[PDB]
Amino acid sequence: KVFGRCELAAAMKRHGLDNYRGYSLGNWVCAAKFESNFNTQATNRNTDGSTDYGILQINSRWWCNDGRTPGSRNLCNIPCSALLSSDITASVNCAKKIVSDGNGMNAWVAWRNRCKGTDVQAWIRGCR
Ligand SMILES: [Cl-]
Ligand SMILES: [Cl-]
């Protein structure tokens with residue numbers, strides 16, 4: 001599923017990401033744009049051998065199991081493939097754990113490099 005921008009904002013708000021750990025909804029939408037281009041099916045291998053999965057590019061070294069990342073933890077207790085669903089529920093629940101872990105949204109490299117410090121509210125402007 002390639003989400004539309006407002007469509008993703010709606011789904012993230014429904015699942016309770018707006019202001020979760022103090023991050024406004026446009027932070028989450030901006031993270032998704034730059035991590036996955038709003039594509040639930042996105043996968044990208046990282047230099048360390050892990051892979052990032054789904055709409056928020058959640059990593060196989062710590063958060064989900066893909067069965068090919070030595071030293072994997074699976075702190076969200078999910079197969080990584082479940083993060084590619086057209087339904088974002090598992091991705092959102094796992095992102096909640098991630099963002100609660102200590103460094104907040106800085107856990108998302110694309111957020112830190114392309115969203116943090118910018119006008120993130122622009123990402124939900126025009127949406128109902
Ligand atoms: Cl916002
Ligand atoms: Cl924070």
Side-chain angles (χ1 to χ4, degrees):
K1 181 168 177 64
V2 179
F3 275 85
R5 181 176 66 86
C6 296
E7 181 188 24
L8 182 62
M12 294 177 151
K13 177 168 173 171
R14 175 161 58 88
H15 284 104
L17 288 180
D18 186 22
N19 325 305
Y20 187 84
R21 296 296 263 236
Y23 295 87
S24 74
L25 188 60
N27 284 285
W28 297 101
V29 173
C30 186
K33 166 65 185 176
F34 293 124
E35 287 287 355
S36 67
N37 207 25
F38 304 139
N39 182 8
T40 67
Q41 301 195 78
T43 67
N44 294 289
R45 195 132 208 190
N46 301 135
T47 61
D48 72 355
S50 65
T51 297
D52 287 349
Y53 297 91
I55 195 77
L56 288 164
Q57 289 290 272
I58 293 189
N59 193 264
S60 67
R61 184 155 303 272
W62 303 100
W63 306 107
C64 61
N65 177 60
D66 72 359
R68 63 178 200 188
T69 316
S72 184
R73 328 286 294 284
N74 179 5
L75 296 171
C76 293
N77 194 206
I78 194 73
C80 301
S81 67
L83 310 181
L84 306 173
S85 174
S86 63
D87 165 14
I88 73 172
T89 303
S91 280
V92 167
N93 282 161
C94 187
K96 291 169 170 184
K97 294 198 197 314
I98 296 170
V99 78
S100 304
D101 205 41
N103 299 332
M105 291 194 74
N106 295 291
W108 285 275
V109 180
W111 182 81
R112 186 169 42 84
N113 290 334
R114 304 183 73 180
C115 305
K116 182 180 189 182
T118 73
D119 182 15
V120 295
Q121 187 274 148
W123 288 102
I124 63 168
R125 162 159 18 278
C127 308
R128 182 82 194 84

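Residues: numbered from 1 along the sequence shown. Just so you know, these numbers use all the heavy atoms, side chains as well, and skip hydrogens, waters and symmetry mates.
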With a sphere of 6.0 Å drawn around [atom1] of [X], does it hold more than 12 non-hydrogen atoms of other residues, nucleotides or ligands?
X      : atom1 : answer
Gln41  : CD    : no
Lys13  : NZ    : no
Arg73  : CZ    : no
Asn103 : CG    : no

Between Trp111 and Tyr23, is a ring-ring contact (aromatic ring centres under 6.0 Å, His included) present by the stated rule, with each step listed?
-> CA-CA 11 Å; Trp111 182 81; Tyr23 295 87; 5.7 Å; yes

Would you say [X]'s side chain and [Y]'s backbone share a donor-acceptor pair under 3.5 angstrom?
X     : Y      : answer
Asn74 : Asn77  : yes
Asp66 : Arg68  : yes
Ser50 : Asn46  : no
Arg61 : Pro70  : yes
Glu35 : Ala110 : yes

Tell me yes or no: between the side chains of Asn39 and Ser36, is some donor less than 3.5 Å from an acceptor?
->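 Judged by distance alone, the side chains do not pair up.
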
Going by atom types alone, do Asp87 and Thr89 pair a side-chain donor with an acceptor below 3.5 Å?
->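 Result is yes, a qualifying pair exists.
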
Could you check if a side-chain atom of [X] sits within less than 4.5 angstrom of a side-chain atom of [Y], using non-hydrogen atoms only?
X      : Y      : answer
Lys97  : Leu75  : no
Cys127 : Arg5   : yes
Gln57  : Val109 : no
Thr40  : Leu84  : no
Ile88  : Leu8   : yes
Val99  : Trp28  : yes
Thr51  : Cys80  : no
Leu56  : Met12  : yes

Looking at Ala95 and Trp108, what are the two nearest heavy atoms and their distance?
->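 Smallest interatomic distance, heavy atoms only, reads O-CH2, 3.7 Å.
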
Minimum-distance pair of heavy atoms, taken over all atoms of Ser72 and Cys64 |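 Residues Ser72 and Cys64, closest heavy atoms: OG-O, 3.5 Å.
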
What's the verdict on side chain to side chain contact (heavy atoms under 4.5 Å, CB included) for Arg128 and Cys6, showing C-alpha distance, side-chain angles and the deciding distance?
-> CA-CA 8 Å; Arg128 182 82 194 84; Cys6 296; over 6 Å; no

Can you tell me how far the [atom1] atom of [X] sits from the [atom2] atom of [Y], to the nearest 0.5 Å?
X     : Y      : atom1 : atom2 : result
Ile58 : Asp52  : CD1   : CG    : 9.0 Å
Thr69 : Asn59  : OG1   : CG    : 7.5 Å
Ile98 : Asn93  : CD1   : CG    : 11.0 Å
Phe34 : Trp123 : CZ    : CH2   : 4.5 Å

Go through the steps for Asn65 and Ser60 under the test side chain to side chain contact (heavy atoms under 4.5 Å, CB included), then give the verdict.
-> CA-CA 6 Å; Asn65 177 60; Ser60 67; over 6 Å; no

Just do the disulfide bond (SG atoms under 2.5 Å apart) check on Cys30 and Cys115 with the steps written out, would you?
-> CA-CA 6 Å; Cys30 186; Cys115 305; 2.1 Å; yes

Under the side chain to side chain contact (heavy atoms under 4.5 Å, CB included) criterion, do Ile78 and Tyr53 qualify, and how do the steps go?
-> CA-CA 12 Å; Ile78 194 73; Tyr53 297 91; over 6 Å; no

Is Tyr20 linked to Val120 within one hydrophobic cluster, defined over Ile, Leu, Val, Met, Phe, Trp and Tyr using a side-chain heavy-atom separation of less than 4.5 Å?
->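 As far as the 4.5 Å side-chain criterion goes, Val120 and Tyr20 are not connected within one cluster.
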
Tell me, with the steps shown, if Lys116 and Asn27 meet side chain to side chain contact (heavy atoms under 4.5 Å, CB included).
-> CA-CA 8 Å; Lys116 182 180 189 182; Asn27 284 285; over 6 Å; no

